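As stored in work.txt (compact mmCIF, C-alpha atoms and all ligand atoms):
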```txt
# COMPACT_ATOMS: atom_id res chain seq x y z
CA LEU A 552 159.58 76.81 49.41
CA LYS A 553 162.52 79.18 48.90
CA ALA A 554 160.45 82.16 50.03
CA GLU A 555 159.23 80.20 53.05
CA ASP A 556 162.80 79.31 54.01
CA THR A 557 163.92 82.94 53.80
CA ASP A 558 161.02 84.14 55.95
CA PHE A 559 161.62 81.39 58.51
CA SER A 560 165.28 82.42 58.67
CA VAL A 561 164.34 86.02 59.45
CA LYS A 562 161.89 84.90 62.15
CA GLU A 563 164.66 82.76 63.66
CA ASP A 564 166.89 85.83 63.76
CA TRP A 565 164.22 87.77 65.65
CA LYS A 566 163.84 84.88 68.10
CA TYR A 567 167.59 84.75 68.72
CA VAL A 568 167.66 88.51 69.34
CA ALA A 569 164.92 88.09 71.95
CA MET A 570 166.89 85.26 73.57
CA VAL A 571 170.00 87.46 73.75
CA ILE A 572 168.07 90.29 75.40
CA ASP A 573 166.74 87.80 77.96
CA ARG A 574 170.26 86.52 78.66
CA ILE A 575 171.79 89.97 79.16
CA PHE A 576 169.01 91.04 81.49
CA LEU A 577 169.26 87.74 83.39
CA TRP A 578 172.93 88.51 84.01
CA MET A 579 172.09 92.02 85.20
CA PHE A 580 169.26 90.88 87.46
CA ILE A 581 171.34 88.12 89.07
CA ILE A 582 174.10 90.63 89.80
CA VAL A 583 171.65 93.21 91.17
CA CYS A 584 169.77 90.61 93.23
CA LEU A 585 172.89 89.22 94.90
CA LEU A 586 174.40 92.66 95.46
CA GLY A 587 171.17 94.04 96.91
CA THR A 588 170.52 91.06 99.16
CA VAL A 589 174.04 91.37 100.55
CA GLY A 590 173.75 95.14 100.94
CA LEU A 591 170.32 95.26 102.61
CA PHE A 592 170.38 91.93 104.48
CA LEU A 593 173.98 91.96 105.68
CA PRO A 594 173.25 94.75 108.21
CA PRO A 595 170.45 92.73 109.85
CA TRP A 596 172.91 89.93 110.63
CA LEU A 597 175.28 92.49 112.13
CA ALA A 598 172.81 93.68 114.78
CA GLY A 599 171.27 90.28 115.56
CA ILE B 218 142.98 68.25 105.45
CA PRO B 219 143.40 71.31 103.18
CA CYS B 220 147.15 71.25 103.81
CA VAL B 221 147.38 67.53 103.03
CA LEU B 222 145.34 67.98 99.84
CA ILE B 223 147.56 70.85 98.68
CA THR B 224 150.76 68.99 99.57
CA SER B 225 149.62 65.95 97.58
CA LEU B 226 149.79 68.11 94.42
CA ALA B 227 153.43 69.14 94.94
CA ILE B 228 154.84 66.33 92.76
CA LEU B 229 152.31 66.64 89.92
CA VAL B 230 154.38 69.27 88.10
CA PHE B 231 157.01 66.68 87.16
CA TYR B 232 154.47 64.50 85.31
CA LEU B 233 152.98 67.40 83.36
CA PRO B 234 154.19 67.58 79.74
CA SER B 235 156.07 70.68 78.66
CA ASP B 236 153.72 71.03 75.67
CA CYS B 237 150.53 71.66 77.65
CA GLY B 238 151.93 75.04 78.70
CA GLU B 239 150.62 74.81 82.26
CA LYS B 240 153.52 73.76 84.54
CA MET B 241 153.99 77.27 85.93
CA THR B 242 150.30 77.61 86.79
CA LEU B 243 150.28 74.45 88.90
CA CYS B 244 153.58 74.93 90.71
CA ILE B 245 152.99 78.63 91.46
CA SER B 246 149.48 77.87 92.74
CA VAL B 247 150.81 75.16 95.06
CA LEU B 248 153.49 77.47 96.46
CA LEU B 249 151.06 80.33 97.07
CA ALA B 250 148.46 78.11 98.75
CA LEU B 251 151.08 76.68 101.10
CA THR B 252 152.25 80.20 101.95
CA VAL B 253 148.69 81.29 102.72
CA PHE B 254 148.13 78.36 105.07
CA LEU B 255 151.44 79.05 106.82
CA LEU B 256 150.34 82.66 107.37
CA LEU B 257 146.95 81.57 108.73
CA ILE B 258 148.62 79.21 111.19
CA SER B 259 151.01 81.98 112.25
CA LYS B 260 147.95 84.10 113.00
CA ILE B 261 146.52 81.33 115.18
CA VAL B 262 149.49 80.42 117.41
CA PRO B 263 151.24 82.78 119.85
CA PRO B 264 154.22 84.70 118.36
CA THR B 265 156.75 83.03 120.66
CA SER B 266 160.14 81.61 119.70
CA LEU B 267 160.62 78.75 122.17
CA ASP B 268 159.61 76.14 119.60
CA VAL B 269 158.12 75.79 116.12
CA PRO B 270 154.84 73.91 115.51
CA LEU B 271 155.40 70.62 113.72
CA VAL B 272 152.69 71.51 111.19
CA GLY B 273 154.48 74.78 110.45
CA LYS B 274 157.79 72.98 110.07
CA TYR B 275 156.15 70.62 107.57
CA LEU B 276 154.55 73.45 105.61
CA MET B 277 157.88 75.30 105.47
CA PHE B 278 159.73 72.19 104.27
CA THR B 279 157.12 71.67 101.55
CA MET B 280 157.42 75.32 100.52
CA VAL B 281 161.18 74.94 100.08
CA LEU B 282 160.60 71.81 98.01
CA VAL B 283 158.02 73.57 95.83
CA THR B 284 160.37 76.50 95.23
CA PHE B 285 162.99 73.99 94.10
CA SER B 286 160.35 72.42 91.85
CA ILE B 287 159.55 75.81 90.28
CA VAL B 288 163.23 76.37 89.50
CA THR B 289 163.53 72.88 88.03
CA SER B 290 160.36 73.34 85.97
CA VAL B 291 161.76 76.54 84.49
CA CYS B 292 164.96 74.71 83.55
CA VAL B 293 163.01 71.78 82.07
CA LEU B 294 160.92 74.17 79.98
CA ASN B 295 164.04 75.95 78.75
CA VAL B 296 165.56 72.62 77.72
CA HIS B 297 162.35 71.47 76.03
CA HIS B 298 162.15 74.52 73.73
CA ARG B 299 165.52 74.14 72.01
CA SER B 300 166.26 73.85 68.30
CA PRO B 301 169.33 73.45 66.06
CA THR B 302 169.03 77.12 65.09
CA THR B 303 169.67 78.39 68.64
CA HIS B 304 171.41 75.61 70.60
CA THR B 305 173.80 72.72 70.02
CA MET B 306 173.66 69.36 71.80
CA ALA B 307 177.02 68.35 73.22
CA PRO B 308 177.99 64.68 72.75
CA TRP B 309 178.02 64.08 76.50
CA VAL B 310 174.41 65.25 76.69
CA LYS B 311 173.51 62.56 74.19
CA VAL B 312 175.51 59.72 75.72
CA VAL B 313 174.09 60.54 79.16
CA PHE B 314 170.48 61.63 78.76
CA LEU B 315 169.56 59.59 75.67
CA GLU B 316 171.40 56.34 76.53
CA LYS B 317 172.32 55.85 80.19
CA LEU B 318 169.89 57.74 82.41
CA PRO B 319 166.78 56.56 80.48
CA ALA B 320 167.93 52.97 81.06
CA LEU B 321 168.25 53.51 84.81
CA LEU B 322 164.72 54.94 84.95
CA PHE B 323 163.08 52.28 82.73
CA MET B 324 162.26 54.77 79.96
CA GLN B 325 163.40 52.95 76.80
CA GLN B 326 163.46 55.67 74.17
CA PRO B 327 161.71 54.50 70.96
CA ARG B 328 164.12 56.01 68.41
CA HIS B 329 161.76 54.95 65.63
CA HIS B 330 163.58 57.35 63.30
CA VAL C 272 127.34 72.24 104.42
CA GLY C 273 130.94 71.98 105.61
CA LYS C 274 130.83 68.22 105.11
CA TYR C 275 129.65 68.71 101.53
CA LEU C 276 132.41 71.26 100.94
CA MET C 277 135.07 68.85 102.26
CA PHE C 278 133.78 66.01 100.11
CA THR C 279 133.82 68.21 97.01
CA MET C 280 137.35 69.45 97.71
CA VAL C 281 138.54 65.85 97.93
CA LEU C 282 136.82 65.12 94.62
CA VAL C 283 138.34 68.19 92.96
CA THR C 284 141.83 67.26 94.15
CA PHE C 285 141.31 63.83 92.59
CA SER C 286 140.15 65.56 89.40
CA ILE C 287 143.32 67.66 89.30
CA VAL C 288 145.43 64.51 89.59
CA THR C 289 143.39 62.81 86.87
CA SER C 290 143.66 65.87 84.62
CA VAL C 291 147.44 65.85 84.94
CA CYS C 292 147.41 62.20 83.90
CA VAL C 293 145.01 62.85 80.99
CA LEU C 294 147.14 65.75 79.73
CA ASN C 295 150.24 63.56 79.93
CA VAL C 296 148.49 60.89 77.85
CA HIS C 297 147.25 63.47 75.33
CA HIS C 298 150.74 64.78 74.43
CA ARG C 299 152.27 61.46 73.35
CA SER C 300 153.88 60.76 69.98
CA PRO C 301 155.80 57.84 68.44
CA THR C 302 159.04 59.79 68.80
CA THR C 303 158.82 59.34 72.58
CA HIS C 304 156.20 56.67 73.39
CA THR C 305 155.02 53.35 72.00
CA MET C 306 151.39 52.29 72.46
CA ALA C 307 151.11 48.87 74.07
CA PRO C 308 148.71 46.43 72.35
CA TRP C 309 146.54 46.18 75.47
CA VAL C 310 146.11 49.96 75.40
CA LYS C 311 144.77 49.65 71.86
CA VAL C 312 142.40 46.74 72.44
CA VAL C 313 141.00 48.36 75.58
CA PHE C 314 140.86 52.10 74.95
CA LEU C 315 140.10 52.14 71.21
CA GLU C 316 137.69 49.17 70.98
CA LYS C 317 136.05 48.10 74.24
CA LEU C 318 135.69 51.07 76.57
CA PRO C 319 134.60 53.52 73.82
CA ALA C 320 131.68 51.24 72.96
CA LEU C 321 130.60 51.02 76.61
CA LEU C 322 130.55 54.84 76.66
CA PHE C 323 128.64 55.30 73.38
CA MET C 324 131.51 57.17 71.72
CA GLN C 325 131.64 55.28 68.39
CA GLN D 326 154.04 98.04 56.52
CA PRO D 327 156.76 96.13 54.62
CA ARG D 328 154.14 94.72 52.22
CA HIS D 329 156.80 92.57 50.56
CA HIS D 330 154.06 90.27 49.24
CA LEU E 302 157.73 89.06 73.92
CA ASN E 303 157.04 91.80 71.38
CA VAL E 304 160.50 91.31 69.84
CA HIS E 305 160.13 87.52 69.73
CA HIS E 306 156.88 87.48 67.72
CA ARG E 307 158.17 89.61 64.83
CA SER E 308 157.97 88.45 61.22
CA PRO E 309 159.11 89.88 57.87
CA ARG E 310 155.43 90.48 57.09
CA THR E 311 155.21 93.00 59.95
CA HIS E 312 158.73 94.32 60.63
CA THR E 313 162.16 94.87 59.10
CA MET E 314 165.30 94.22 61.13
CA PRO E 315 167.78 97.13 61.10
CA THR E 316 171.32 96.36 60.02
CA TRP E 317 172.80 97.65 63.27
CA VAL E 318 170.50 95.45 65.37
CA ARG E 319 171.58 92.45 63.32
CA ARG E 320 175.24 93.36 63.73
CA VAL E 321 175.13 94.06 67.48
CA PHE E 322 172.75 91.32 68.67
CA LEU E 323 174.16 88.62 66.43
CA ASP E 324 177.90 89.40 66.67
CA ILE E 325 178.93 91.47 69.69
CA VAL E 326 176.62 90.87 72.65
CA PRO E 327 176.28 87.07 72.16
CA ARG E 328 180.06 86.66 72.30
CA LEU E 329 180.35 89.01 75.28
CA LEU E 330 177.83 86.78 77.11
CA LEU E 331 179.65 83.49 76.33
CA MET E 332 176.93 82.23 73.98
CA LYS E 333 177.64 81.24 70.37
CA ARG E 334 175.23 80.37 67.59
CA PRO E 335 175.46 76.92 65.91
CA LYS F 152 159.07 107.83 134.54
CA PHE F 153 157.87 107.93 138.15
CA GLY F 154 157.65 110.96 140.39
CA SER F 155 155.68 112.90 142.94
CA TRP F 156 153.02 115.13 141.43
CA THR F 157 152.50 117.90 144.01
CA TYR F 158 155.60 117.76 146.27
CA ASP F 159 158.91 119.29 145.19
CA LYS F 160 162.37 118.02 146.13
CA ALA F 161 162.39 120.08 149.33
CA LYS F 162 159.36 118.14 150.63
CA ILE F 163 159.60 114.61 149.19
CA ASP F 164 162.81 113.11 147.82
CA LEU F 165 163.21 109.79 146.04
CA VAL F 166 165.88 107.22 146.85
CA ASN F 167 166.76 104.28 144.61
CA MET F 168 165.86 101.25 146.71
CA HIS F 169 168.28 99.43 144.39
CA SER F 170 169.48 100.21 140.88
CA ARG F 171 168.28 97.13 138.96
CA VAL F 172 164.60 96.32 138.55
CA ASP F 173 163.81 93.19 140.55
CA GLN F 174 163.12 90.10 138.41
CA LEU F 175 163.13 87.41 141.09
CA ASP F 176 159.47 86.51 140.54
CA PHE F 177 159.39 87.35 136.85
CA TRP F 178 157.20 85.47 134.35
CA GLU F 179 159.25 84.82 131.21
CA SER F 180 157.25 85.65 128.09
CA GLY F 181 158.88 83.69 125.25
CA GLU F 182 158.91 86.65 122.83
CA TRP F 183 161.12 89.22 124.58
CA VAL F 184 164.06 89.02 126.98
CA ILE F 185 165.00 91.82 129.39
CA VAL F 186 168.60 92.69 128.53
CA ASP F 187 168.85 95.47 131.13
CA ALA F 188 166.40 97.25 133.45
CA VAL F 189 167.86 100.20 135.35
CA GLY F 190 166.34 103.08 137.28
CA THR F 191 167.97 106.50 137.06
CA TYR F 192 167.43 109.37 139.48
CA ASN F 193 166.84 112.79 137.95
CA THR F 194 165.77 116.27 138.98
CA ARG F 195 164.39 118.93 136.68
CA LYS F 196 162.50 122.21 136.78
CA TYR F 197 159.16 122.72 135.08
CA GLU F 198 157.56 125.85 133.69
CA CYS F 199 154.56 125.12 135.92
CA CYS F 200 156.38 125.52 139.18
CA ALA F 201 159.32 127.40 140.67
CA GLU F 202 160.80 124.41 142.54
CA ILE F 203 162.73 121.31 141.52
CA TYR F 204 160.83 118.03 141.10
CA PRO F 205 162.79 114.76 141.32
CA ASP F 206 161.90 111.55 139.52
CA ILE F 207 163.23 108.06 138.86
CA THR F 208 163.19 106.84 135.26
CA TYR F 209 163.40 103.14 134.42
CA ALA F 210 164.67 102.06 130.99
CA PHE F 211 163.71 98.52 129.95
CA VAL F 212 166.06 97.32 127.20
CA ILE F 213 164.27 94.30 125.74
CA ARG F 214 165.51 92.08 122.92
CA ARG F 215 163.18 90.26 120.53
CA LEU F 216 163.63 86.54 119.95
CA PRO F 217 163.64 86.36 116.13
CA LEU F 218 162.76 82.73 115.31
CA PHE F 219 159.01 83.25 114.95
CA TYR F 220 159.08 86.13 112.49
CA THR F 221 162.11 84.70 110.72
CA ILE F 222 160.17 81.53 109.91
CA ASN F 223 156.87 83.24 109.16
CA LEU F 224 157.97 86.34 107.19
CA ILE F 225 161.64 86.39 106.25
CA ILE F 226 162.10 82.98 104.63
CA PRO F 227 158.84 83.09 102.61
CA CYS F 228 160.03 86.50 101.41
CA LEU F 229 163.41 85.08 100.36
CA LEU F 230 161.80 82.11 98.61
CA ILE F 231 159.52 84.43 96.64
CA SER F 232 162.43 86.77 95.88
CA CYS F 233 164.55 83.92 94.50
CA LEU F 234 162.03 83.60 91.63
CA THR F 235 162.38 87.21 90.44
CA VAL F 236 165.15 86.38 87.94
CA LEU F 237 163.76 83.09 86.59
CA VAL F 238 161.47 84.85 84.11
CA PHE F 239 164.56 85.78 82.07
CA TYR F 240 165.50 82.10 81.66
CA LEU F 241 162.01 81.03 80.58
CA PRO F 242 161.64 80.54 76.80
CA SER F 243 159.22 82.84 75.01
CA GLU F 244 157.37 79.92 73.38
CA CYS F 245 156.21 78.33 76.64
CA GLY F 246 153.64 81.11 77.09
CA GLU F 247 154.04 81.44 80.86
CA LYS F 248 156.44 84.36 81.52
CA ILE F 249 153.80 86.97 82.35
CA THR F 250 152.18 84.51 84.76
CA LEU F 251 155.41 83.97 86.70
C1 LIG A 601 152.26 121.22 141.49
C2 LIG A 601 151.71 120.23 140.52
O1 LIG A 601 150.63 119.73 140.57
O2 LIG A 601 152.59 119.97 139.55
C3 LIG A 601 152.18 119.01 138.54
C4 LIG A 601 153.19 118.95 137.42
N1 LIG A 601 154.58 118.48 137.77
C5 LIG A 601 154.59 117.03 138.14
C6 LIG A 601 155.46 118.68 136.58
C7 LIG A 601 155.14 119.28 138.91
```
Show me this structure written as structure tokens.
Amino acid sequence: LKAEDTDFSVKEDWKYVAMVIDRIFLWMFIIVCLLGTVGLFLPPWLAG
Amino acid sequence: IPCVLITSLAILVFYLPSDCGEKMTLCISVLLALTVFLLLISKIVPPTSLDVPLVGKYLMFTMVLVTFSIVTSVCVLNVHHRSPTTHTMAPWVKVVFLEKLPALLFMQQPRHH
Amino acid sequence: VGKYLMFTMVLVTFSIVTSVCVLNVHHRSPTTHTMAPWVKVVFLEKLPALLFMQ
Amino acid sequence: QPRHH
Amino acid sequence: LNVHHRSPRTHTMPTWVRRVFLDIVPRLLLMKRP
Amino acid sequence: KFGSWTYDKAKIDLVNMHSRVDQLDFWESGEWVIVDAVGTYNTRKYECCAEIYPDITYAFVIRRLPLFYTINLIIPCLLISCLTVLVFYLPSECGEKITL
């Protein structure tokens, strides 16, 4: 049981690392998506 | 008839358990089918802007609703796959979602343990 | 042929609805649901016998 | 391979 | 997905990865472990 | 661009009957609107011929009414584009990220 607990702990660490990578890239993609939509879809409102 | 049949499946995603691992399939399929039918109808009618067909207005409204449902399904899935090793439940979350809101909806949590 | 296709699409839509309901029933545990006595007496005794499930 | 066990 | 399905039987986590992605980035993103 | 083909300015000359294109009996289309429609008088020399050939050029400035293509292209595109970031909020256990 002790060995199982240690291995489960390491797997949990890997899972948390994956979650953190998802969160950072979610931040970046939200920023890029909003910035790009404003940059490339603002001009269309200007002309129309 | 195809549009009505597709639109009748829009609400099914909210009765599908998070464990089956198939919410995304259903909601994405509904959205894409509605989009295809909207495109077909656009091909049929003249490309004029004096008024919008009622059927097209309905399909567009349903598409907005299904996009909202996809977002909500993603959030529900994220909530469902949470553990003490990664997240913490705030006390307000308990007092609300485990006590009050279930009572309003006639849910009656078992709380056997 | 078109009439047959329409009829079958209606049936398949009904099957999708029923499959959502069946999946919902399948993923039930005591931690979240309690089985009503009528559910027991019907679905574990009577209907299975009618269907030769044993 | 770690091959711990 | 590749990072998520790692186990001690298949991989070893570097010390710097542990340090960074359990101390620095999580705080910078306003997320804290239990 | 309208003009005489075989008669130079010294033989046939064009006169603007009136600057604006007449739209009194126009049949509105429902997709475009004529913002401006003006005829301009010009003369120019051609490498074919030693004389000056006049012409009147009409420019039709037409504006598109955007509701149709808005509804049928732009908003479906935005609704699909709103889902691009959701994959990063989807847990890895649910087994549906690649699908989305
Ligand atoms: C003389 C003659 O036929 O000219 C034709 C070409 N154009 C219209 C440029 C003068």
For ligand LIG 601 (chain A), which of F:222, F:166, F:234, F:203 is the closest residue, counting only C-alpha atoms and all ligand atoms?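 Under the stated criterion, the closest residue is F:203.
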Could you write out as a list in words the residues of chain A within 8 Å of chain E, counting all atoms listed in the file?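 In the required form, that comes to residues 558, 561, 562, 565, 566, 567, 568, 569, 571, 574 and 575 of chain A.
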Against ligand LIG 601 (chain A), which residues of chain F fall within 10 Å? For each one I want the closest pair of atoms and the distance in Å (one decimal), counting all atoms listed in the file, rows by chain and increasing residue number, as a Markdown table.
```
| residue | atom | partner | partner_atom | distance |
| --- | --- | --- | --- | --- |
| F:153 | CA | A:LIG601 | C5 | 9.7 |
| F:154 | CA | A:LIG601 | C5 | 7.2 |
| F:155 | CA | A:LIG601 | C5 | 6.4 |
| F:156 | CA | A:LIG601 | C5 | 4.1 |
| F:157 | CA | A:LIG601 | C1 | 4.2 |
| F:158 | CA | A:LIG601 | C1 | 6.8 |
| F:159 | CA | A:LIG601 | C7 | 7.3 |
| F:195 | CA | A:LIG601 | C6 | 8.9 |
| F:196 | CA | A:LIG601 | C6 | 7.9 |
| F:197 | CA | A:LIG601 | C6 | 5.7 |
| F:198 | CA | A:LIG601 | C6 | 8.0 |
| F:199 | CA | A:LIG601 | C4 | 6.5 |
| F:200 | CA | A:LIG601 | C7 | 6.4 |
| F:201 | CA | A:LIG601 | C7 | 9.3 |
| F:202 | CA | A:LIG601 | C7 | 8.5 |
| F:203 | CA | A:LIG601 | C7 | 8.3 |
| F:204 | CA | A:LIG601 | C7 | 6.2 |
| F:205 | CA | A:LIG601 | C5 | 9.1 |
| F:206 | CA | A:LIG601 | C5 | 9.2 |
```
With a cut-off of 7 Å and counting only C-alpha atoms, select all residues of chain F in contact with chain A and give the selection as JSON, numbers by chain. {"F": [236, 239, 240]}
Considering all atoms listed in the file, state which residue in the set B:298, B:249, B:237, B:279 is at the smallest distance from chain A.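 Looking at the shortest contact to chain A, the residue is B:298.
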Contacts between chain E and chain B, please, where a residue of chain B counts if it comes within 7 Å (with all atoms listed in the file); show its shortest atom pair and distance in Å to one decimal, rows by chain and ascending number, as CSV.
```
residue,atom,partner,partner_atom,distance
B:302,CA,E:335,CA,6.5
B:303,CA,E:334,CA,6.0
B:304,CA,E:335,CA,6.3
B:305,CA,E:335,CA,6.1
```
Within 8 Å of chain C, which residues belong to chain B? Use all atoms listed in the file and report them as an NGL selection string. :B and (222 or 226 or 229 or 232-234 or 236-237 or 326-330)
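In this structure, CA of residue 317 in chain B sits 28.9 Å away from CA of residue 331 in chain E.
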Any idea which chain F residues end up within 9 Å of chain B if we count all atoms listed in the file, as number ranges by chain please? F: 180-183, 216-220, 222-224, 226-227, 230-231, 233-234, 237-238, 240-248, 250-251
Neighbourhood query: residues within 6 Å of (153.2, 97.0, 58.3), file coordinates, counting only C-alpha atoms; return as a PyMOL selection string. (chain D and resi 326-327) or (chain E and resi 311)
Polymer residues at most 9 Å from (163.6, 95.6, 128.8) by all atoms listed in the file, as an MDAnalysis selection string: chainID F and resid 183:188 210:214
Just the selected residues (C-alpha atoms), exported as a compact mmCIF listing (two decimals), in the frame of the given file, please.
```txt
# COMPACT_ATOMS: atom_id res chain seq x y z
CA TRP F 183 161.12 89.22 124.58
CA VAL F 184 164.06 89.02 126.98
CA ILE F 185 165.00 91.82 129.39
CA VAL F 186 168.60 92.69 128.53
CA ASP F 187 168.85 95.47 131.13
CA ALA F 188 166.40 97.25 133.45
CA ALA F 210 164.67 102.06 130.99
CA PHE F 211 163.71 98.52 129.95
CA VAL F 212 166.06 97.32 127.20
CA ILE F 213 164.27 94.30 125.74
CA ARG F 214 165.51 92.08 122.92
```
Go ahead and compute the interatomic distance for CA of residue 227 in chain B and CA of residue 278 in chain B, in Å to one decimal.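 About the pair CA of residue 227 in chain B and CA of residue 278 in chain B: they are 11.7 Å apart.
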Could you work out how far CA of residue 262 in chain B lies from CA of residue 215 in chain F, giving the answer in Å with one decimal?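 According to the coordinates, CA of residue 215 in chain F and CA of residue 262 in chain B are separated by 17.1 Å.
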Select chain D in the preceding structure and write C-alpha atoms to a file as a JSON list (two decimals), in the first residue's frame.
```json
[["chain", "number", "residue", "atom", "x", "y", "z"],
["D", 326, "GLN", "CA", 12.96, 2.75, -18.88],
["D", 327, "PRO", "CA", 12.91, 3.57, -15.13],
["D", 328, "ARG", "CA", 12.40, -0.13, -14.30],
["D", 329, "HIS", "CA", 12.00, 0.74, -10.62],
["D", 330, "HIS", "CA", 10.17, -2.56, -10.08]]
```
